[PDB]
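**Student:** Here's a structure for you.
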Amino acid sequence: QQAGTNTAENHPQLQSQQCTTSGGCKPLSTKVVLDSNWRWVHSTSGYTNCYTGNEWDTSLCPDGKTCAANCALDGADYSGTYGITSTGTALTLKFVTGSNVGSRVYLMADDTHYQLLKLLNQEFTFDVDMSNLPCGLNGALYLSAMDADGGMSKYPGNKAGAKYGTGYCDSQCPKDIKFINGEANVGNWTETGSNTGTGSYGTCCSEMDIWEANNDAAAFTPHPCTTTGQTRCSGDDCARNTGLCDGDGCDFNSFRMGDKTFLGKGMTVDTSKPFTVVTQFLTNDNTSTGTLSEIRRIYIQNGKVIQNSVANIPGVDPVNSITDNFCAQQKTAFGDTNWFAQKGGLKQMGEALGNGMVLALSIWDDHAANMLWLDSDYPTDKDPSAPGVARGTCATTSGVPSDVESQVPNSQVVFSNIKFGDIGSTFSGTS
Ligand SMILES: OC[C@H]1O[C@@H](O[C@H]2[C@H](O)[C@@H](O)[C@H](O)O[C@@H]2CO)[C@H](O)[C@@H](O)[C@H]1O
Ligand SMILES: *[C@@H]1O[C@H](CO)[C@@H](O)[C@H](O)[C@H]1NC(C)=O
C-alpha cells in the first residue's frame, strides 16, 4: 500500500517506562498507531475508495500488486472516527464509534518504527480499568512478531510501513488482513460481515497474549509458530493449529483452571476497579540467552500484592505459572491437543520474545466464537462440567456481535502505566 496525504497522521502519545534494577524507571516518549485494516484506502491520485464496506474496487484492484500500486492508506481521526484517546499515559479504547467497531493500535518508538520489546528475562507491567468492559468484549494487550517497520524493507509494494500500522500478523494466521507482503489480499475475496472479508492469503507469526480479558474473566496465553517472523500463508499452512501456528495456545485463565472466585467483580482481583498486572518471562539460567522456562503473573490492587491463583484440576499439578509441564498437563486434562508443544512450546515462544516483538492494544468483539472461549462455556457442544469447558460466568448466549454492538456500544477499556524491564524492577514492595 502507498502512503496517503489527504489526512495528516498524528500518532497519539502514550508514554511508557523502561526500568532497571540499579537505576529504576525512566520515561520513553512512545506513541500509538492505528492498525492498517481500520484505515481509509483510496486511489493515490485522489479521493476514490479502493475499498468500501466489504468489497474492493476491481477497477483499481484487479490483482494484489496493481491494487497496492494504486491505493494509499491515509491518516486517522483517532478520537472522532475510532474512539481512541490518550492522556499521554493512559489509553482509552471505546467499543463503538458511529459505524466503527473496535480498534487495534501498536506501540511506537517514533513515527516510523514500532517499539521492539525484547522481554526474555524481563517483565512487562501495566494498569487496566475494565469497569466498563462487560461480557462478550475483549480488551487485549499482547505481543506479535511483527517487523519494526511494518514490512517496508522486505516488501517493495509497501510504502506505508509502521507509520500507517501495516504488517500485522498473529498466531491465527488471519486472512481478513487487507494488505500482506505489500500486496492487497484481494484473491478470492469473500465477504464475512458488513465491513469485513477474507482473501486467499493469511499472515502468521508467534504471539504472546499478555492480557485478554473483560470484567468477567481473563487469560494469558503464549502461541508459538514454527516460523520466524511475519509469514504470509496460503492453503493448509494457514490452517488453525495444524498449519504454521498454534492457534489455541497454552492458556492460563484462573476460572478455567479451577478457581472461580479469584478474579471478577468484587473478587480478590476486583475487576470493578483498576489494577496492575505484572507478567514476568523467566529463563532457565536467568539470562537473556536462556530458554524461556516460566511465565509468572503478579497482580497489585489497592497496594496489595496478589500472587496468581493456583490450578485446581485433577491431573494438573497445583501451580500458578505457565511452564511446559503445566501445558502438557492441562492439555491432557482438558482433552485438547498440545499444538503448543508441537510448535516448540515455551522454547519457541522464547526465541520469538528474544528476537523482539511489537505491542498491540485492542478492543474487539468476536464474530467466530462470541468470546465464549474467554468468559463462558466452550466449546458449545461439550459438557460444561468436564474439566476445562467453563471459563467464566457469562451466559452461553452472550457476546454475539450484533447484540453487544447495539446493547453496550459505549463499553471501553483503559490501559495505563505501561512499564517494562528487569525482573522485579517495574514495581516494588515494602513492610
Ligand atoms: O478460536 C477461539 C479462541 O480459541 C482459544 O483456544 C481454545 C479453543 O478453541 C478450544 O478449543 C479450547 O478448548 O480452549 C481454547 C483456549 O480457550 C484461543 O486461545 C483464542 O485465541 C481463540 O482463537
Ligand atoms: C534464577 O532466579 C530464580 C529467582 O527467580 C532463583 O530461584 C534461581 O536460583 C536462579 N537460578 C540460577 C541458575 O541462578
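Residues in the C-alpha cells are numbered from 1 in each chain, the chains being A, B, ... in the order shown, and ligands are numbered from 1 in the order shown.
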May I have the residues within 8 Å of ligand 2, computed using only C-alpha atoms and all ligand atoms, as a PDB file with N, CA, C and O atoms, in the first residue's frame?
**Tutor:**
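out-v2.pdb, written as the output of this step:
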```pdb
ATOM      1  N   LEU A 282      10.617 -15.701  32.624  1.00  0.00           N
ATOM      2  CA  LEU A 282      11.839 -16.216  33.259  1.00  0.00           C
ATOM      3  C   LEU A 282      12.539 -17.188  32.324  1.00  0.00           C
ATOM      4  O   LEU A 282      11.882 -17.914  31.590  1.00  0.00           O
ATOM      5  N   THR A 283      13.872 -17.189  32.339  1.00  0.00           N
ATOM      6  CA  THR A 283      14.648 -18.180  31.577  1.00  0.00           C
ATOM      7  C   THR A 283      15.322 -19.181  32.501  1.00  0.00           C
ATOM      8  O   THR A 283      15.509 -18.903  33.680  1.00  0.00           O
ATOM      9  N   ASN A 284      15.692 -20.333  31.946  1.00  0.00           N
ATOM     10  CA  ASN A 284      16.227 -21.433  32.746  1.00  0.00           C
ATOM     11  C   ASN A 284      17.499 -21.059  33.503  1.00  0.00           C
ATOM     12  O   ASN A 284      17.769 -21.606  34.580  1.00  0.00           O
ATOM     13  N   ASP A 285      18.273 -20.136  32.943  1.00  0.00           N
ATOM     14  CA  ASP A 285      19.502 -19.675  33.588  1.00  0.00           C
ATOM     15  C   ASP A 285      19.508 -18.205  34.011  1.00  0.00           C
ATOM     16  O   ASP A 285      20.555 -17.645  34.309  1.00  0.00           O
ATOM     17  N   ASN A 286      18.334 -17.575  34.053  1.00  0.00           N
ATOM     18  CA  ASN A 286      18.251 -16.163  34.413  1.00  0.00           C
ATOM     19  C   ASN A 286      19.143 -15.266  33.559  1.00  0.00           C
ATOM     20  O   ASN A 286      19.634 -14.243  34.039  1.00  0.00           O
TER      21      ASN A 286
END
```
**Student:** Within 8 Å of residue A:329, counting only C-alpha atoms, which residues show up once you throw out same-chain ones fewer than 6 positions away? Write them as a PyMOL selection string, please.
**Tutor:** chain A and resi 315-317
**Student:** As a list in words, please: every protein or nucleic acid residue near ligand 1 (cut-off 8 Å, counting only C-alpha atoms and all ligand atoms).
**Tutor:**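 Sorted by chain and then by number, the residues are residues 172, 221, 247, 248, 249, 250, 251, 334, 335, 336, 368, 369, 371, 373, 374, 378, 379, 388, 389 and 391 of chain A.
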**Student:** Show me, as a Markdown table, the residues of stretch 301-384 of chain A having an atom within 12 Å of stretch 198-216 of chain A, each with the closest atom pair and its distance in Å, using only C-alpha atoms.
**Tutor:**
```
| residue | atom | partner | partner_atom | distance |
| --- | --- | --- | --- | --- |
| A:322 | CA | A:210 | CA | 11.8 |
| A:340 | CA | A:206 | CA | 10.9 |
| A:343 | CA | A:206 | CA | 9.8 |
| A:344 | CA | A:206 | CA | 10.9 |
| A:345 | CA | A:206 | CA | 11.0 |
| A:346 | CA | A:208 | CA | 10.5 |
| A:347 | CA | A:206 | CA | 11.9 |
| A:348 | CA | A:206 | CA | 8.6 |
| A:349 | CA | A:206 | CA | 6.9 |
| A:350 | CA | A:208 | CA | 9.6 |
| A:351 | CA | A:206 | CA | 9.6 |
| A:352 | CA | A:206 | CA | 6.6 |
| A:353 | CA | A:208 | CA | 8.3 |
| A:354 | CA | A:206 | CA | 11.7 |
| A:355 | CA | A:206 | CA | 11.0 |
| A:356 | CA | A:206 | CA | 10.9 |
| A:357 | CA | A:207 | CA | 8.4 |
| A:358 | CA | A:207 | CA | 9.5 |
| A:359 | CA | A:208 | CA | 9.5 |
| A:360 | CA | A:209 | CA | 9.6 |
| A:361 | CA | A:211 | CA | 9.4 |
| A:362 | CA | A:212 | CA | 9.3 |
| A:363 | CA | A:212 | CA | 9.6 |
| A:364 | CA | A:212 | CA | 10.3 |
| A:365 | CA | A:214 | CA | 11.0 |
| A:371 | CA | A:213 | CA | 9.7 |
| A:372 | CA | A:216 | CA | 11.2 |
| A:373 | CA | A:213 | CA | 10.9 |
| A:374 | CA | A:213 | CA | 7.3 |
| A:375 | CA | A:216 | CA | 6.3 |
| A:376 | CA | A:216 | CA | 9.1 |
```
**Student:** Could you pull the residues within 10 Å of stretch 299-301 of chain A, counting only C-alpha atoms, minus those fewer than 4 positions along the same chain, as a list in words?
**Tutor:**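 Close residues of stretch 299-301 of chain A: residues 125, 126, 127, 268, 269, 270, 271, 273, 274, 275, 276, 277, 278, 279, 305, 306, 307, 308 and 427 of chain A.
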**Student:** To one decimal place in Å, what is the distance between atom CA of residue A:150 and atom CA of residue A:219?
**Tutor:**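 Here the two named atoms are 27.2 Å from each other.
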**Student:** Rank A:228, A:13, A:330, A:272 by their smallest atom-to-atom distance to residue A:256, using only C-alpha atoms, and report the top residue only.
**Tutor:**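 Under the stated criterion, the closest residue is A:330.
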**Student:** For a quick check of understanding, using only C-alpha atoms, which of A:239, A:34, A:145, A:14 has the smallest distance to residue A:173?
**Tutor:**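 Once distances to residue A:173 are computed over only C-alpha atoms, the minimum belongs to A:239.
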**Student:** If you run DSSP on this backbone, which residues of stretch 224-388 of chain A come out as strand (DSSP E), and could you give them as a tab-separated table (two decimals) with N, CA, C and O atoms, in the first residue's frame?
**Tutor:**
```tsv
chain	number	residue	atom	x	y	z
A	231	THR	N	4.90	-14.15	8.35
A	231	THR	CA	4.94	-15.03	7.20
A	231	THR	C	3.58	-15.08	6.56
A	231	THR	O	2.59	-15.33	7.22
A	232	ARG	N	3.54	-14.84	5.25
A	232	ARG	CA	2.29	-15.00	4.52
A	232	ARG	C	2.06	-16.48	4.27
A	232	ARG	O	2.99	-17.22	3.92
A	233	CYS	N	0.82	-16.92	4.45
A	233	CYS	CA	0.45	-18.33	4.26
A	233	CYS	C	-0.65	-18.46	3.19
A	233	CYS	O	-1.45	-17.54	2.96
A	263	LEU	N	-10.87	-13.90	40.35
A	263	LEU	CA	-10.86	-12.70	39.51
A	263	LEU	C	-12.25	-12.40	38.95
A	263	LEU	O	-12.87	-13.26	38.31
A	264	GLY	N	-12.73	-11.18	39.18
A	264	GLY	CA	-14.07	-10.78	38.74
A	264	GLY	C	-14.61	-9.67	39.62
A	264	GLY	O	-13.89	-9.16	40.47
A	269	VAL	N	-9.00	-10.18	42.86
A	269	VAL	CA	-8.68	-9.17	41.85
A	269	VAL	C	-10.07	-8.65	41.45
A	269	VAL	O	-10.85	-9.35	40.80
A	270	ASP	N	-10.37	-7.44	41.91
A	270	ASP	CA	-11.70	-6.84	41.79
A	270	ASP	C	-11.81	-6.06	40.49
A	270	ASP	O	-11.27	-4.96	40.37
A	275	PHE	N	-6.55	-2.12	38.28
A	275	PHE	CA	-5.49	-2.85	38.98
A	275	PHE	C	-4.26	-2.99	38.09
A	275	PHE	O	-4.29	-2.65	36.90
A	276	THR	N	-3.16	-3.45	38.68
A	276	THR	CA	-1.89	-3.54	37.99
A	276	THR	C	-1.65	-5.02	37.68
A	276	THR	O	-1.94	-5.91	38.51
A	277	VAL	N	-1.12	-5.28	36.49
A	277	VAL	CA	-0.85	-6.65	36.03
A	277	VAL	C	0.63	-6.77	35.66
A	277	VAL	O	1.11	-6.08	34.77
A	278	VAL	N	1.35	-7.64	36.37
A	278	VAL	CA	2.78	-7.85	36.08
A	278	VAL	C	2.94	-9.21	35.42
A	278	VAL	O	2.38	-10.19	35.91
A	279	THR	N	3.75	-9.28	34.36
A	279	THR	CA	3.99	-10.57	33.70
A	279	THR	C	5.48	-10.74	33.50
A	279	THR	O	6.13	-9.88	32.90
A	280	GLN	N	6.02	-11.84	34.01
A	280	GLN	CA	7.49	-11.99	34.01
A	280	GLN	C	7.87	-13.20	33.17
A	280	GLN	O	7.24	-14.26	33.28
A	281	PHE	N	8.92	-13.03	32.36
A	281	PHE	CA	9.32	-14.05	31.39
A	281	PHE	C	10.67	-14.62	31.85
A	281	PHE	O	11.72	-14.06	31.55
A	282	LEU	N	10.62	-15.70	32.62
A	282	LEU	CA	11.84	-16.22	33.26
A	282	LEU	C	12.54	-17.19	32.32
A	282	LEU	O	11.88	-17.91	31.59
A	283	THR	N	13.87	-17.19	32.34
A	283	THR	CA	14.65	-18.18	31.58
A	283	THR	C	15.32	-19.18	32.50
A	283	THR	O	15.51	-18.90	33.68
A	292	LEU	N	13.21	-19.75	27.61
A	292	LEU	CA	12.02	-19.41	28.37
A	292	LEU	C	11.49	-20.65	29.09
A	292	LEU	O	11.19	-21.69	28.48
A	293	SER	N	11.39	-20.54	30.41
A	293	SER	CA	11.03	-21.66	31.27
A	293	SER	C	9.76	-21.44	32.10
A	293	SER	O	9.12	-22.39	32.55
A	294	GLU	N	9.37	-20.18	32.31
A	294	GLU	CA	8.20	-19.95	33.13
A	294	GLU	C	7.66	-18.56	32.79
A	294	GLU	O	8.44	-17.62	32.59
A	295	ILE	N	6.34	-18.44	32.73
A	295	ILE	CA	5.71	-17.12	32.66
A	295	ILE	C	4.93	-16.91	33.94
A	295	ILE	O	3.95	-17.62	34.19
A	296	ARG	N	5.38	-15.97	34.77
A	296	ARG	CA	4.72	-15.69	36.05
A	296	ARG	C	3.80	-14.49	35.94
A	296	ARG	O	4.00	-13.61	35.10
A	297	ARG	N	2.82	-14.44	36.82
A	297	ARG	CA	1.86	-13.33	36.85
A	297	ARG	C	1.69	-12.87	38.28
A	297	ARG	O	1.40	-13.70	39.16
A	298	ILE	N	1.78	-11.55	38.50
A	298	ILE	CA	1.50	-10.98	39.82
A	298	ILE	C	0.52	-9.84	39.59
A	298	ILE	O	0.65	-9.14	38.58
A	299	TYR	N	-0.44	-9.66	40.50
A	299	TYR	CA	-1.35	-8.51	40.44
A	299	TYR	C	-1.08	-7.56	41.60
A	299	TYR	O	-0.55	-7.96	42.64
A	300	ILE	N	-1.46	-6.32	41.43
A	300	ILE	CA	-1.39	-5.39	42.55
A	300	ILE	C	-2.67	-4.54	42.51
A	300	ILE	O	-2.97	-3.96	41.48
A	301	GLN	N	-3.39	-4.47	43.63
A	301	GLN	CA	-4.59	-3.62	43.66
A	301	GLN	C	-4.74	-3.04	45.06
A	301	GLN	O	-4.60	-3.75	46.05
A	304	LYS	N	-2.13	-3.89	47.54
A	304	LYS	CA	-1.96	-5.29	47.95
A	304	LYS	C	-1.32	-6.11	46.83
A	304	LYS	O	-1.83	-6.16	45.71
A	305	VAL	N	-0.21	-6.78	47.15
A	305	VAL	CA	0.44	-7.69	46.19
A	305	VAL	C	-0.28	-9.03	46.19
A	305	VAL	O	-0.35	-9.68	47.22
A	306	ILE	N	-0.80	-9.45	45.04
A	306	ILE	CA	-1.66	-10.60	44.94
A	306	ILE	C	-0.98	-11.59	43.98
A	306	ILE	O	-0.86	-11.32	42.78
A	307	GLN	N	-0.57	-12.76	44.49
A	307	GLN	CA	0.05	-13.77	43.62
A	307	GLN	C	-1.06	-14.42	42.76
A	307	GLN	O	-2.24	-14.41	43.12
A	357	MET	N	9.48	-8.20	19.80
A	357	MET	CA	8.08	-8.28	19.43
A	357	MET	C	7.43	-6.89	19.52
A	357	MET	O	7.96	-5.98	20.18
A	358	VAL	N	6.28	-6.73	18.87
A	358	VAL	CA	5.57	-5.45	18.83
A	358	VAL	C	4.36	-5.55	19.77
A	358	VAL	O	3.64	-6.56	19.79
A	359	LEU	N	4.11	-4.49	20.53
A	359	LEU	CA	2.99	-4.45	21.47
A	359	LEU	C	1.74	-3.94	20.74
A	359	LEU	O	1.74	-2.85	20.14
A	360	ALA	N	0.66	-4.71	20.82
A	360	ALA	CA	-0.66	-4.32	20.30
A	360	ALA	C	-1.62	-4.14	21.47
A	360	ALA	O	-1.55	-4.87	22.47
A	361	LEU	N	-2.52	-3.16	21.36
A	361	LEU	CA	-3.59	-2.95	22.33
A	361	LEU	C	-4.89	-2.83	21.55
A	361	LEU	O	-4.94	-2.17	20.50
A	362	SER	N	-5.94	-3.49	22.01
A	362	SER	CA	-7.14	-3.61	21.17
A	362	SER	C	-8.40	-3.72	22.01
A	362	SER	O	-8.36	-4.13	23.19
A	363	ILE	N	-9.51	-3.30	21.41
A	363	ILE	CA	-10.82	-3.68	21.95
A	363	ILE	C	-11.63	-4.29	20.82
A	363	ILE	O	-11.66	-3.74	19.72
A	364	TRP	N	-12.26	-5.44	21.06
A	364	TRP	CA	-12.92	-6.15	19.97
A	364	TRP	C	-14.06	-7.03	20.46
A	364	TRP	O	-14.11	-7.39	21.64
```
**Student:** In Å, with one decimal, what is the gap from atom CA of residue A:7 to atom CA of residue A:409?
**Tutor:** 26.5 Å
**Student:** At a cut-off of 8 Å, using only C-alpha atoms, what residues contact residue A:422? Leave out same-chain residues fewer than 2 positions from it and give the result as a PyMOL selection string.
**Tutor:** chain A and resi 19-21+121-123+420+424-426
**Student:** If you run DSSP on this backbone, which residues of stretch 61-185 of chain A come out as alpha helix (DSSP H), and could you give them as a PyMOL selection string?
**Tutor:** chain A and resi 64-70+78-82
**Student:** Mind giving me the straight-line distance from atom CA of residue A:83 to atom CA of residue A:107 in Å, one decimal?
**Tutor:**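 Between these atoms lies a distance of 17.1 Å.
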**Student:** Which of these, A:323, A:18, A:288, A:338, has the shortest distance to residue A:245 once you count only C-alpha atoms?
**Tutor:**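 Closest residue, counting only C-alpha atoms: A:338.
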**Student:** Neighbours of residue A:312 within 8 Å (only C-alpha atoms; same-chain residues fewer than 2 positions away dropped), as a list in words?
**Tutor:**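 Answer for this query is residues 257, 258, 259, 310, 314, 316, 317 and 318 of chain A.
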**Student:** Since we have the selection now, will you write its residues out, keeping N, CA and C atoms, as a compact mmCIF listing (two decimals), in the first residue's frame?
**Tutor:**
```txt
# COMPACT_ATOMS: atom_id res chain seq x y z
N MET A 257 -8.98 -22.69 35.12
CA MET A 257 -8.08 -23.51 35.93
C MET A 257 -8.60 -23.90 37.31
N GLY A 258 -9.86 -23.61 37.61
CA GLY A 258 -10.49 -24.19 38.79
C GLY A 258 -10.59 -23.30 40.01
N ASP A 259 -10.35 -22.00 39.83
CA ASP A 259 -10.60 -21.05 40.90
C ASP A 259 -11.61 -20.03 40.41
N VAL A 310 -3.90 -20.56 42.02
CA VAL A 310 -3.35 -21.90 41.80
C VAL A 310 -4.29 -22.75 40.94
N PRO A 314 -8.01 -32.04 38.61
CA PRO A 314 -7.42 -33.38 38.68
C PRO A 314 -6.48 -33.67 37.52
N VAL A 316 -3.64 -32.14 37.11
CA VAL A 316 -2.83 -30.95 36.86
C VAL A 316 -2.16 -30.53 38.16
N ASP A 317 -0.83 -30.42 38.15
CA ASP A 317 -0.13 -30.06 39.38
C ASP A 317 -0.67 -28.68 39.77
N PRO A 318 -0.83 -28.43 41.06
CA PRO A 318 -1.39 -27.16 41.55
C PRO A 318 -0.38 -25.99 41.53
```
**Student:** For residue A:197, which residue among A:325, A:287, A:52, A:226 is the nearest when counting only C-alpha atoms?
**Tutor:** A:52
**Student:** Find the residue from A:103, A:6, A:158, A:59 that sits nearest to residue A:75; use only C-alpha atoms when measuring.
**Tutor:**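 Result for the nearest residue to residue A:75: A:6.
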**Student:** Closest to residue A:134 among A:32, A:119, A:386, A:218, using only C-alpha atoms?
**Tutor:**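 Looking at the shortest contact to residue A:134, the residue is A:218.
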